[PDB]
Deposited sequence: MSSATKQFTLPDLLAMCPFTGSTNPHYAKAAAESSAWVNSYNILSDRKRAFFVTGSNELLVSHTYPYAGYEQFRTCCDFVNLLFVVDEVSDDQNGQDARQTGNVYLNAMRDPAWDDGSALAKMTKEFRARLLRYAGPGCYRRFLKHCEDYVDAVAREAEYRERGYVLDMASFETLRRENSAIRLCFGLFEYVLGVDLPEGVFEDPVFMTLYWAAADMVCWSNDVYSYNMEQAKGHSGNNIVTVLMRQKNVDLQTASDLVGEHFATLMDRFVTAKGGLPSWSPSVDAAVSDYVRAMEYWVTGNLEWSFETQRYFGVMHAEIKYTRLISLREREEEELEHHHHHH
């Protein structure tokens, strides 16, 4: 198999995306903050287009910090990657903790930003998602250095955490300025929307990044690889099944959305803000994927329309 075509995820997406007007200034400041120790911030602008200046700058700094942790991690063994995670995690959990390293200082800077406006529920859930993320990144490093590909159900549990999508959803309440009450997170209809959206991001990202990951021997943390080995199907079929799974979760989302409970007028208004935020992430991640060069190369703009991934075209650009 020398080429395949990506599923038309944007055709399946009934939502209208937007961008953040504070991108130009806030992205540059966050690029400068990183450098002191633009494409990463574009994802943030697309996924948090409603965020105010200071909240959008916090979001930019946080995603960059994940990109830093992810990139240091992907180049490490299981022992070292776990050590990198514990620096991020200890600096998040413990105000007294700080080993003087660059990563701890970056973490503490972000923590201070988040703690200006984060409520007690946002911070509690966020630390919990920090522990799960670090563990999953550590394990992901362990499995990559061993050659071990997970079975599908084990893989989703792990990918849901090492994607850091629960941390990004975990900023909604910081950006919007409100803690949701615990009963909302326990409602089965709301959990349905949360997981459908979380998984839509994970699955689209994987089919888009598959070609880059496999060129780098990084493709075992990817649903396309898991589908091909667990289902014994070829690459185009794996693509096909990712498109089918995306459209089914999208069906689940638009339908569940129409059925949420009513708590109170102030809680219902915040719930609705949270749901639009999830929709914005799904759509913005699709649009950003063809705007950056990192998944599809120089032709990424044209690939938006052809959806063709070709080895010869790869060989044409590499030469």
(request) Where the model has no C-alpha, note the corresponding stretch of the deposited sequence, numbering from 1. (result) 1-4, 42-54, 337-343
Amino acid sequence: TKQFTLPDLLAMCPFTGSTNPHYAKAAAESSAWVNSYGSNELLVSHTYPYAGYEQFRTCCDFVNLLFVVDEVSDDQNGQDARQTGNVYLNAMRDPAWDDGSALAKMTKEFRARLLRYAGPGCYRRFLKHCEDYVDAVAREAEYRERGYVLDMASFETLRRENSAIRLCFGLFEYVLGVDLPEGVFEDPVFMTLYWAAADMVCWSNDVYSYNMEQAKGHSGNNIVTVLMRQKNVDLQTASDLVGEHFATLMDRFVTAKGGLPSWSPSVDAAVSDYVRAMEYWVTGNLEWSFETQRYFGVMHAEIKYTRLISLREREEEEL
From here on, numbers count along this sequence of modelled residues.
(message) Quick check on the record: does 122-130 or 214-222 carry the larger mean Cα temperature factor?
(response) 214-222
(request) Taking the mean of the C-alpha B-factors per stretch from the entry, tell me the winner out of 264-272 and 66-74. (result) 66-74
(request) Go through 102, 167, 137, 201 one by one and give the residue whose Cα B-factor in the PDB entry is largest. (result) 102
(message) Per the entry's Cα B factor values, which of 36, 285, 255, 58 stands out as the maximum?
(response) 36
(message) Can you tell me whether residue 206 has a C-alpha B-factor in the lowest, middle or highest third compared with the other modelled residues of the same chain?
(response) lowest
(message) Looking at the temperature factor on the CA atom of residue 308, which third of the chain's modelled residues does it land in?
(response) middle
(message) How does the C-alpha B factor of residue 154 compare with the rest of the chain: lowest, middle or highest third?
(response) highest
(message) Can you tell me whether residue 192 has a C-alpha B-factor in the lowest, middle or highest third compared with the other modelled residues of the same chain?
(response) lowest
(message) Using only modelled residues of the chain, where does the Cα B factor of residue 95 rank: lowest third, middle third or highest third?
(response) highest
